[PDB]
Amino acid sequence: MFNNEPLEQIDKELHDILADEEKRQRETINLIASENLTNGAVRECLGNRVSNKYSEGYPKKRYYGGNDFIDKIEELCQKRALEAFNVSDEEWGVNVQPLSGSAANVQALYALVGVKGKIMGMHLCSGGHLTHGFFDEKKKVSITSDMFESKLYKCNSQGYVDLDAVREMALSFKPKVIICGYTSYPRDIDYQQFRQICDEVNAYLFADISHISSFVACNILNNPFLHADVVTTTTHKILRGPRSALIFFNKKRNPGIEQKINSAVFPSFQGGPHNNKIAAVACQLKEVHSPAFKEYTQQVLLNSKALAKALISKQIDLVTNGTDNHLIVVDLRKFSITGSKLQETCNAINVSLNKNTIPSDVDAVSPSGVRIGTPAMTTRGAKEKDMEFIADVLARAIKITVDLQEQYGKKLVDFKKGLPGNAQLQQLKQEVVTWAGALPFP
C-alpha cells in the first residue's frame, strides 16, 4: 500500500528544481571552502533502506534487536575513522553518531564541562565557529555561549592566533576546555603550544579540524591527535563525505571519557542514529585511506598555493599574505568594496564564494573580505595552471564591483540594481559557464 512511481513521475514539481540545482552546481565555479561534491557511492548509501531502522544505543548495547547488520556498519565506520586518522583503537575512541558539526561540538563540550561549564574559543570575526562559544553583546548567539560560560580570544593585527593573549585569558579565566581549529583560518595551528597552555591551567585541549581534516589524515599538516584530548571533524568538507560529524577522544590521556562522550551523544542529546549517514561515512572513510586521496589532498594545497600566488601577482592582498592549507581570505580594503558586494558580483557570474571578516573589521556588519577554497574545484579536476583563470575571473569580478559601486553608490540596495544586464558580467558568467560546465562532475 505505497506509491513506488519514480521521483520524476510522483513529484515532477520537485524534480525540476533538483535538476536545476544539478545544472547550477555543474555550471558554477565553487570556491566555498566548506563545500565539496560527493561521489555516487556516498549518495547510494544516503539513499539506502538502512535509514528505516531504529538503532538507539551503541553496537552490541542496542535498545532494540534486529540490529546485527547495523552493528556491523557502525563498527566498520568507527574502525575506518581511527585507521584513516592514524590512531590506534587502543589509545583513541570515536563516536560516529553526531548528525552534524554543530551537534558534535555541543555534545563534546557538554561531556567535558557540563552545564554552566567554562570554555575558551576563537572569536567568530577572527576565524572561529559559532559553536566555539560565539556571542555578541546583543545576544548569546550560540548555545555554546549560553549553556556554557564562554570567553573569546582574537587573532592579532597580522591575522595570526596570538598565543600570548590566549595564555593571558586562559590563566585569568581558568577554563575547563580550550578550543582550537577554525572555520576561516588560512594557516596551520601550533597544537603543542595549545597543549602546553591547557596543562598550565588544567584545561582540556579541544581541536575542531573540520576544515583541515584531510590534511591531518594525510600528514600534510600538524597532527592534533598527538596533543588533543578531543578532536571533532565534520565529514562533508575537505573529507568529501556526507553531512555528518565525528568525535574523537583520547582514552589514554583520560580514562572514563569514552562513556562521558558516548552518553552525551546518546541519550543526553540525540535519539535514533541516522544509519544512512553512518553507512555513507564508511564508504568515504575507505576512500580517505587509499593513496589516491592523499594525491587529491595534495592537489588541494598545490591549487591553494597557486591560487594565492596568482592573486598576489594581480596585486590582491590576502590575510597573512598566503595559505598553508586549502583556503585563502582576500583583504578587499584597497578597493573600498565590501565582501557583501563582491559576493553579489560573483553570484551573478556563477562563482560561489562567501564574504568573510578580516582582523581590521571590528564588527561583522560589513566584512572587508571574501573566503575561498580549492577542495571543490580540485574534485572537478582542476590543476595549478587552472588557478590563473580563477584568479583572472576573481580580479575581473573585483574590478567590476568597483565600477558598479562608483556608478550606483556604496549602499548595497543601490549597488545590486547595477548587476542585472551588465554586459561584462554576462560576458564573464558565460566564460565561467563554458569552462565549468565541461569539467568532470561526480
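A residue's number is simply how far along the shown sequence it sits, counting from 1.
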| item | value |
| --- | --- |
| Mean Cα B-factor comparison, 55-63 or 412-420, giving the higher one as deposited | 412-420 |
| 245-253 versus 159-167 - greater average Cα B-factor per the deposited record | 159-167 |
| Residue selected from 324, 200, 74, 331 by maximal Cα B factor | 200 |
| Deposited CA B-factor, highest of 186, 98, 271, 291 | 291 |
| B-factor third for the C-alpha atom of residue 47 within its chain | middle |
| Third of the chain, ranked by Cα B-factor, where residue 396 sits | lowest |
| Modelled-residue ranking by C-alpha temperature factor, third containing residue 173 | highest |
| Third of the chain's Cα B-factor distribution that residue 35 belongs to, per the entry | lowest |
| Residue 144 - Cα temperature factor, lowest/middle/highest third of chain | middle |
